[PDB]
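Working notes, beginning with the structure itself.
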Amino acid sequence: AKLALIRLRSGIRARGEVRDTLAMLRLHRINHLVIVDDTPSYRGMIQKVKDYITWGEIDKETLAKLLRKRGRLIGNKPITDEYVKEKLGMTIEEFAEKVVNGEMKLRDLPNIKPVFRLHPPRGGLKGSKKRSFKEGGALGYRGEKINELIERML
Amino acid sequence: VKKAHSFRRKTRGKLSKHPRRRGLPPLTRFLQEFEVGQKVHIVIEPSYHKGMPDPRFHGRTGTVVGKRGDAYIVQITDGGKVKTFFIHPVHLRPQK
RNA sequence: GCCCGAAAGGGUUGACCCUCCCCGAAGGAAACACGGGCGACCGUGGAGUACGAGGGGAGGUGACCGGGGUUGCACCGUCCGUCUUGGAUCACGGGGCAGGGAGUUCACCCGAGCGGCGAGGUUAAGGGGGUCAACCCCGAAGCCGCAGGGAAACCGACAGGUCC
RNA sequence: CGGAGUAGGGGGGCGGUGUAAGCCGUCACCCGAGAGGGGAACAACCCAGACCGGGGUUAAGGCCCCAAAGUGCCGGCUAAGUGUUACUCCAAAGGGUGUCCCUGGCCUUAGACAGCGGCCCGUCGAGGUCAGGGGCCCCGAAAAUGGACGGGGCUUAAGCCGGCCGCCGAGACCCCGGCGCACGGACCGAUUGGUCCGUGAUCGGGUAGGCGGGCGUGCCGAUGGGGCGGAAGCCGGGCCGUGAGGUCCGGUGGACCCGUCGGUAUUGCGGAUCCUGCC
RNA sequence: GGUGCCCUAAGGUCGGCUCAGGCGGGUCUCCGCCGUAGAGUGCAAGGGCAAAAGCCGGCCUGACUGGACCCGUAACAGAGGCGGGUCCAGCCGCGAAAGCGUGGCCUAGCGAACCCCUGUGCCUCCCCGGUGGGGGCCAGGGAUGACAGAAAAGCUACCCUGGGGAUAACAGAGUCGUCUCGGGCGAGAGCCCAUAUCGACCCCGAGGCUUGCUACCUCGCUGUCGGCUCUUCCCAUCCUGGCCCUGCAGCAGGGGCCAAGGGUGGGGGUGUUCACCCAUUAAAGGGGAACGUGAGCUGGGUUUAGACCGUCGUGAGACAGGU
RNA sequence: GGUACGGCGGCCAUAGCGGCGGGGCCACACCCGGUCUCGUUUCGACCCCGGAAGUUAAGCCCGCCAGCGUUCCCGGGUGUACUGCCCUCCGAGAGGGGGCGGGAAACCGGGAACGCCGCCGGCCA
């Protein structure tokens with residue numbers, strides 16, 4: 001399954017290995033989102049930076065909306081139904097249905113950027129940046145409930 | 001009070017032998033064979049005091065590059081420097 | 001708010017202000033109508049509407065605008081240089097103005113940015129000529145380089161054989 | 001291959017020693033060499049890393065007045081102004097039918113107090129009694145100029161416990177325009193280069209220090225110009241310029257001055273308990 | 001806790017054999033048995049070691065010569081001198097052979113330049129060639145313990161300079177072992193009676209008025225003790241007001257609660273603060289304010305320059321000893 | 001093809017200590033003696049030399065046993081103790097707590113376990 005990861009906290013006051021892990025994962029700034037494949041190698045890194053991000057499983061509909069609004073190409077040009085219907089023989093909903101299940105990867109679309117830069121959340125984060133999401137805060141594994149947050153940040 | 005390094009400094013457990021070995025090792029080790037490019041572990045047998053390198057490098061892994069006498073030449077990486085040792089094969093062990 | 005405002009800045013080929021329309025990023029209501037919750041409130045619709053930085057255009061009014069001096073109101077703000085882990089310091093230097101005031105020159109050595117000749121390169125002291133401290137021609141003595149090893153005696157090498 | 005600077009470190013976490021303060025190390029996150037938003041104010045505790053002009057949403061945390069936004073909703077506790085303190089900066093052993101709760105035994109249609117008399121009847125007839133565990137508060141609890149929850153003040157709170165719902169709030173994040181930088185490309189140049197195009201979520205803080213380009217001052221060799229129809233200098237002003245600074249207007253003044261190219265230098269001051277002169 | 005050495009064997013090899021301790025016999029070294037090492041190893045500690053690396057013997061002198069490379073001191077990451085290790089060649093030892101042997105089972109027992117001594121065999125000394133004597137290459141040795149290496153005693157109170165709060169005495173900050181003031185529990189004492197009074201041994205604290213520890217501020221700000229003068233504050237209350245318990249008859253005493261409005265003085269010796277003493281008194285409390293107060297006084301003490309005594313010192317001289 | 005035989009080995013206690021029942025043409029042992037090969041600070045007791053009169057009692061070989069020691073598995077102890085990262089969590093403080101990840105030792109009960117694997121023979125047919 002595909003995983004969505006959002007960064008929330010800063011690296012000042014953080015160890016030197018967490019910053020390097022985050023750079024590898026392409027999470028350089030706050031309110032920045034990355035999509036990733038569920039594998040042990042990636043689970044290790046998420047376990048290391050569990051205290052500066054949130055993550056979960058993403059959905060077809062949410063990835064379609066994400067692509068339409070916050071998806072950019074090289075040059076920070078938007079993504080369009082024509083661009084996709086041309087470079088690939090399908091539209092954006094189908095593209096996303098595939099990505100979230102296999103049969104295709106995001107990089108199969110040329111000049112796509114692997115980073116979605118989001119807007120801060122409306123109504124704000126409704127919890128503490130200092131606790132986990134299960135004990136009443138903002139961080140850690142949230143499952144199918146990362147989609148609500150993405151839609152708020154979109 | 002400072003204290004220089006020397007061969008047998010802080011070797012009370014590293015160069016101690018389990019109470020159930022206590023003697024000669026089996027003879028499938030003095031007559032080990034190795035090839036070039038073969039990776040080896042540096043593991044010291046405390047009963048044999050010939051060809052024993054500095055315990056500083058106990059537990060490290062190197063590559064064989066040659067042979068001189070009954071000894072083998074071994075290269076290890078220490079930071080960014082290369083270090084070359086002449087070791088008897090009872091102190092060595094093949095990978096996998 | 002009061003005061004100056006000629007020129008060098010804009011402006012009667014129209015200043016300031018006024019209203020009208022079109023496009024409109026990120027974002028983004030309310031009244032009101034139905035229902036959920038003990039409740040603060042929320043959901044669907046209204047509605048991505050009304051609005052929105054800015055970009056364009058159409059008109060009315062007819063002389064200031066920008067700039068400067070001082071001052072009122074609200075918010076913000078413990079000077080300057082210096083060593084020191086650490087300066088608003090009860091640590092040192094600090095009454096005001098104007099002028100002066102601190103990485104230079106030689107000789108050897110290591111390197112570079114350019115330029116000339118090139119298995120050779122380069123002249124010194126000096127000499128001759130001239131329109132006479134500028135200019136022109138001669139002058140290789142010597143120094144570096146082309147063969148190194150060795151305390152010394154002494155001996156004395158690949159102008160290309162193979163591979164990546 | 002060349003040019004440095006550094007040989008007093010400190011907050012915070014871990015270890016040895018020490019009554020402790022502190023001493024000696026270690027870790028490499030921060031101050032030093034780091035702005036901005038909050039903690040009343042605070043070097044290193046929280047959010048967060050900063051070209052310029054503007055628009056909007058958030059973080060830390062906050063929402064009775066000071067002070068932007070709730071005299072917010074539900075359930076319960078405290079009567080001591082306890083408290084109104086994340087940390088920086090805050091008292092114990094020992095005790096309490098103060099109150100609110102959990103648990104387990106023994107009693108009960110006559111129990112546990114009273115009263116009337118010799119273990120008892122009736123008598124007023126309904127809930128008692130013993131232990132153990134927890135929450136909040138109380139005693140224990142005494143200082144020196146005049147007072148500190150930041151202050152006013154607050155008692156079904158404007159306090160504490162358990163949960164919830166909406167707003168306010170940074171230079172953070174999103175958007176719009178402009179500047180520069182690094183990399184690559186084209187064209188173009190009498191010489192260190194210039195004009196444009198692409199990319200930049202992965203460029204834009206800086207002490208010691210290293211590198212690049214420019215402003216200004218005096219003299220030379222050349223080139224091109226101005227001046228008694230008023231040069232330099234001085235005063236007050238306008239415009240360009242990130243800036244070092246340049247240039248014009250008016251006045252005063254009464255003879256010299258600037259630009260471009262290349263060279264050269266007693267070449268730029270707020271400080272030295274600096275020197276001279278004046279006040 | 002140890003080394004600044006010892007060893008011709010305690011060094012090389014070959015062969016044979018097993019230890020300390022105890023049990024059971026025999027008397028005051030003999031037989032058997034159990035015995036993973038509880039012994040020994042040239043010397044500390046740690047590690048290693050049983051047909052042995054221990055003990056008993058036999059033969060030898062690899063404790064040698066000429067030379068390479070690598071590890072440590074000194075991690076990562078620079079190195080002179082020293083030390084160790086793996087090898088090539090030569091000559092040899094032990095052993096039937098394979099094999100081992102470049103000192104001591106491993107880790108301590110030592111040292112640059114210049115100069116000198118010894119050994120060995122060759123090169124050289126100013127036109128040439130001889131003799132005597134000089135210089136050089138190679139190897140070994142003589143020492144610097146402050147041991148990566150100067151040839152080397154003290155006073156300053158007549159003192160000077162340059163600097164330091166990187167560093168003391170003095171007041172501040174921090175801390176509170178010590179200090180002052182308290183508490184819990186109940187052993188025991190009080191004719192009997194745990195609590196009138198005393199309260200051990202053990203446990204828990206406040207304050208910052210003693211003293212220490214540290215070294216954060218200040219090295220030309222001022223450096224100070226006591227006294228006189230003058231103002232103010234705390235309460236942990238000495239008297240003065242009001243109360244409670246008593247092993248409170250009264251007069252009184254002891255112990256405790258509220259209370260800080262007022263008062264708490266004069267003199268003797270001593271530089272004194274405190275402490276001691278006298279006579280009175282309602283009683284003659286303890287502390288803070290930069291150990292309050294020198295741009296307010298004084299100037300007895302203490303820390304300059306003069307001099308005396310005692311001790312110490314060869315002496316110059318010193319004494320937190322006196323005058 | 002057969003063996004109640006043997007030599008050289010590897011893993012080096014799941015193999016070890018102790019205890020028991022059985023077996024012996026060929027082979028290993030215990031045995032008789034030793035002059036010479038060899039030697040016992042003194043003895044063919046030890047070691048070396050030549051044979052077998054005797055037997056399986058010992059060593060060797062086959063089989064078993066869980067008294068001691070070792071090793072592995074199943075449940076508990078127990079997700080206990082300790083621990084890496086984060087926290088505007090508690091507490092006067094000492095020290096504790098929550099979330100995400102790893103995770104024992106003793107002890108208890110129950111099993112298995114009294115060795116596995118190579119190369120070469122010799123003899124019976």
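Going by the structure tokens order, chains are called A, B, ..., each with residues numbered from 1, while ligands are numbered from 1 in the order shown.
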Near residue 33 in chain A, counting only C-alpha atoms (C1' of nucleotides), which residues have an atom at most 6 Å away, once you skip same-chain residues fewer than 2 positions from it, shown as a ChimeraX atom specification? /A:5-6,115-116
Selection from above, C-alpha atoms, as a JSON list (two decimals), in the first residue's frame, can you write it?
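Writing done, so here's result.json:
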[["chain", "number", "residue", "atom", "x", "y", "z"],
["A", 5, "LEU", "CA", 3.78, 11.45, 5.09],
["A", 6, "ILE", "CA", 3.43, 15.06, 6.26],
["A", 115, "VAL", "CA", 6.84, 16.75, -3.26],
["A", 116, "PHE", "CA", 3.45, 18.29, -2.58]]
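Proximity to residue 82 in chain A at 10 Å, evaluated using only C-alpha atoms (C1' of nucleotides) and with sequence-adjacent residues fewer than 6 positions away removed, yields residues 88, 90, 91 and 92 of chain A.
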Dump as CSV the rows for residues of chain A within 12 Å of chain C: closest atom pair and distance in Å with one decimal, only C-alpha atoms (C1' of nucleotides) counted, ordered by chain and rising residue number.
residue,atom,partner,partner_atom,distance
A:69,CA,C:26,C1',11.8
A:70,CA,C:26,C1',11.8
A:118,CA,C:26,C1',11.5
A:119,CA,C:26,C1',9.3
A:120,CA,C:27,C1',11.7
A:122,CA,C:27,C1',10.8
A:154,CA,C:26,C1',11.2
Based on the selection just made, write N, CA and C atoms of those residues as a CSV table (one decimal), in the first residue's frame.
chain,number,residue,atom,x,y,z
A,69,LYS,N,-5.0,19.9,-7.5
A,69,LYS,CA,-4.8,21.2,-6.9
A,69,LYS,C,-3.3,21.5,-6.6
A,70,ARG,N,-2.6,20.7,-5.9
A,70,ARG,CA,-1.3,20.9,-5.4
A,70,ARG,C,-0.2,20.3,-6.2
A,118,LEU,N,1.9,21.8,0.9
A,118,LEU,CA,0.5,22.1,1.3
A,118,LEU,C,0.4,23.4,2.0
A,119,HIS,N,-0.9,23.9,2.2
A,119,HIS,CA,-1.3,25.0,2.9
A,119,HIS,C,-1.5,24.6,4.4
A,120,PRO,N,-1.3,25.4,5.4
A,120,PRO,CA,-1.6,25.1,6.7
A,120,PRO,C,-3.1,24.7,6.9
A,122,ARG,N,-6.9,24.4,8.0
A,122,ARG,CA,-8.1,25.2,8.4
A,122,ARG,C,-8.7,24.6,9.7
A,154,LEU,N,-5.6,21.3,1.9
A,154,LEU,CA,-5.6,21.4,0.5
A,154,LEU,C,-6.3,22.7,0.1
Quick one: residues within 9 Å of residue 98 in chain F, only C-alpha atoms (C1' of nucleotides) counted, chain neighbours fewer than 3 positions away excluded, as a list in words?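 Here the answer would be residues 135 of chain A; 87 and 89 of chain F.
Non-sequential neighbours of residue 41 in chain E (distance at most 12 Å, separation of 3 or more positions within a chain, only C-alpha atoms (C1' of nucleotides)) are residues 10, 48, 49, 53, 54, 55 and 105 of chain E.
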Selected residue of minimal separation from residue 180 in chain E among E:209, E:249, E:283, E:7, counting only C-alpha atoms (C1' of nucleotides):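 When distances to residue 180 in chain E are compared using only C-alpha atoms (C1' of nucleotides), the smallest one comes from E:209.
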Give me the residues within 12 Å of residue 7 in chain F as a PDB file with N, CA and C atoms (P, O5', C5', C4', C3', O3' and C1' of nucleotides), in the first residue's frame, counting only C-alpha atoms (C1' of nucleotides) and dropping any in the same chain fewer than 6 places off.
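Listing of selection.pdb after writing:
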ATOM      1  P     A F  27      43.694 -64.196  14.460  1.00  0.00           P
ATOM      2  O5'   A F  27      43.687 -62.685  13.976  1.00  0.00           O
ATOM      3  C5'   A F  27      43.996 -61.639  14.880  1.00  0.00           C
ATOM      4  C4'   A F  27      43.016 -60.503  14.760  1.00  0.00           C
ATOM      5  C3'   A F  27      43.065 -59.469  15.875  1.00  0.00           C
ATOM      6  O3'   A F  27      44.057 -58.484  15.664  1.00  0.00           O
ATOM      7  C1'   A F  27      40.828 -60.147  15.518  1.00  0.00           C
ATOM      8  P     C F  28      45.158 -58.180  16.792  1.00  0.00           P
ATOM      9  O5'   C F  28      44.343 -57.443  17.947  1.00  0.00           O
ATOM     10  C5'   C F  28      44.219 -56.025  17.984  1.00  0.00           C
ATOM     11  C4'   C F  28      43.875 -55.547  19.367  1.00  0.00           C
ATOM     12  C3'   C F  28      44.729 -56.126  20.478  1.00  0.00           C
ATOM     13  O3'   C F  28      45.892 -55.353  20.693  1.00  0.00           O
ATOM     14  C1'   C F  28      42.411 -56.313  21.028  1.00  0.00           C
ATOM     15  P     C F 119      32.817 -42.409   3.066  1.00  0.00           P
ATOM     16  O5'   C F 119      34.315 -42.935   3.085  1.00  0.00           O
ATOM     17  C5'   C F 119      35.307 -42.294   2.301  1.00  0.00           C
ATOM     18  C4'   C F 119      36.705 -42.681   2.729  1.00  0.00           C
ATOM     19  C3'   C F 119      37.033 -44.156   2.652  1.00  0.00           C
ATOM     20  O3'   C F 119      37.293 -44.614   1.339  1.00  0.00           O
ATOM     21  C1'   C F 119      37.820 -43.291   4.690  1.00  0.00           C
ATOM     22  P     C F 120      36.879 -46.110   0.925  1.00  0.00           P
ATOM     23  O5'   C F 120      37.969 -47.014   1.648  1.00  0.00           O
ATOM     24  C5'   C F 120      39.342 -46.772   1.419  1.00  0.00           C
ATOM     25  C4'   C F 120      40.224 -47.486   2.406  1.00  0.00           C
ATOM     26  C3'   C F 120      40.075 -48.989   2.471  1.00  0.00           C
ATOM     27  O3'   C F 120      40.737 -49.641   1.401  1.00  0.00           O
ATOM     28  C1'   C F 120      40.199 -48.107   4.660  1.00  0.00           C
ATOM     29  P     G F 121      40.086 -50.938   0.708  1.00  0.00           P
ATOM     30  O5'   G F 121      39.383 -51.697   1.917  1.00  0.00           O
ATOM     31  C5'   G F 121      39.749 -53.022   2.258  1.00  0.00           C
ATOM     32  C4'   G F 121      40.688 -53.050   3.436  1.00  0.00           C
ATOM     33  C3'   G F 121      40.898 -54.405   4.088  1.00  0.00           C
ATOM     34  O3'   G F 121      41.921 -55.150   3.449  1.00  0.00           O
ATOM     35  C1'   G F 121      40.355 -52.808   5.743  1.00  0.00           C
ATOM     36  P     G F 122      41.603 -56.590   2.812  1.00  0.00           P
ATOM     37  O5'   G F 122      41.507 -57.538   4.082  1.00  0.00           O
ATOM     38  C5'   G F 122      42.657 -57.739   4.877  1.00  0.00           C
ATOM     39  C4'   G F 122      42.352 -58.372   6.206  1.00  0.00           C
ATOM     40  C3'   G F 122      41.476 -59.616   6.187  1.00  0.00           C
ATOM     41  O3'   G F 122      42.180 -60.789   5.831  1.00  0.00           O
ATOM     42  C1'   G F 122      40.665 -58.155   7.817  1.00  0.00           C
TER      43        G F 122
END
Could you write out as a PDB file with C-alpha atoms (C1' of nucleotides), in the first residue's frame the residues of chain D within 8 Å of chain A, counting only C-alpha atoms (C1' of nucleotides)?
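Result went into iface_5.pdb, see below:
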ATOM      1  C1'   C D  29      21.343  19.589  20.102  1.00  0.00           C
ATOM      2  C1'   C D  30      21.848  24.904  21.232  1.00  0.00           C
ATOM      3  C1'   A D  48      10.940  28.717  14.879  1.00  0.00           C
ATOM      4  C1'   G D  49      16.210  29.491  11.292  1.00  0.00           C
ATOM      5  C1'   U D  57      -3.840  30.824   6.977  1.00  0.00           C
ATOM      6  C1'   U D  58      -1.400  28.615  11.139  1.00  0.00           C
ATOM      7  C1'   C D 173       3.516  27.704   5.457  1.00  0.00           C
ATOM      8  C1'   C D 174       0.497  29.214   0.808  1.00  0.00           C
ATOM      9  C1'   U D 199      16.574  25.354 -13.563  1.00  0.00           C
ATOM     10  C1'   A D 201      10.877  21.775  -2.260  1.00  0.00           C
ATOM     11  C1'   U D 202      16.768  20.070  -2.335  1.00  0.00           C
TER      12        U D 202
END
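Shell of range 160-177 of chain E at 12 Å, with only C-alpha atoms (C1' of nucleotides) counted and residues fewer than 6 places along the chain excluded, is residues 84, 90 and 91 of chain C; 8, 18, 19, 20, 21 and 22 of chain D; 207, 208, 211, 212, 213, 214, 215, 216, 217, 218, 219, 222, 223, 224, 290, 291, 303 and 320 of chain E.
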For chain A, work out the contacting residues on chain F at 10 Å, counting only C-alpha atoms (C1' of nucleotides), and write them as a list in words. residues 85, 86, 87, 88, 98, 99, 100 and 101 of chain F
Save the residues we just selected, C-alpha atoms (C1' of nucleotides), as a PDB file, in the first residue's frame?
ATOM      1  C1'   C F  85      13.574   7.929  20.940  1.00  0.00           C
ATOM      2  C1'   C F  86       9.787  11.875  22.121  1.00  0.00           C
ATOM      3  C1'   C F  87       6.893  14.622  26.040  1.00  0.00           C
ATOM      4  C1'   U F  88       4.307  22.612  28.446  1.00  0.00           C
ATOM      5  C1'   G F  98       2.700   7.857  29.152  1.00  0.00           C
ATOM      6  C1'   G F  99       3.209   6.716  23.642  1.00  0.00           C
ATOM      7  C1'   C F 100       6.236   4.221  19.604  1.00  0.00           C
ATOM      8  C1'   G F 101       9.839   0.067  19.389  1.00  0.00           C
TER       9        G F 101
END
Considering only C-alpha atoms (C1' of nucleotides), return as a ChimeraX atom specification whatever protein or nucleic-acid residues lie within 9 Å of range 117-124 of chain E, sequence-local ones (same chain, fewer than 2 positions apart) excluded. /C:151-153 /E:135-142
Return as an MDAnalysis selection string the residues belonging to chain F that are within 10 Å of chain B, counting only C-alpha atoms (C1' of nucleotides). chainID F and resid 10:12
Please compute the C1' of residue 34 in chain D-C1' of residue 89 in chain D distance, one decimal, in Å.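 Here the two named atoms are 27.0 Å from each other.
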Could you work out how far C1' of residue 98 in chain D lies from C1' of residue 154 in chain D, giving the answer in Å with one decimal?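 Those two atoms sit 24.1 Å apart.
If you look at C1' of residue 77 in chain E and CA of residue 92 in chain B, they are 28.2 Å away from each other.
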Output as a ChimeraX atom specification all residues of range 24-152 of chain A that backbone DSSP marks as helix (DSSP H, G or I). /A:24-25,40-48,60-70,81-87,92-99,106-108,146-152
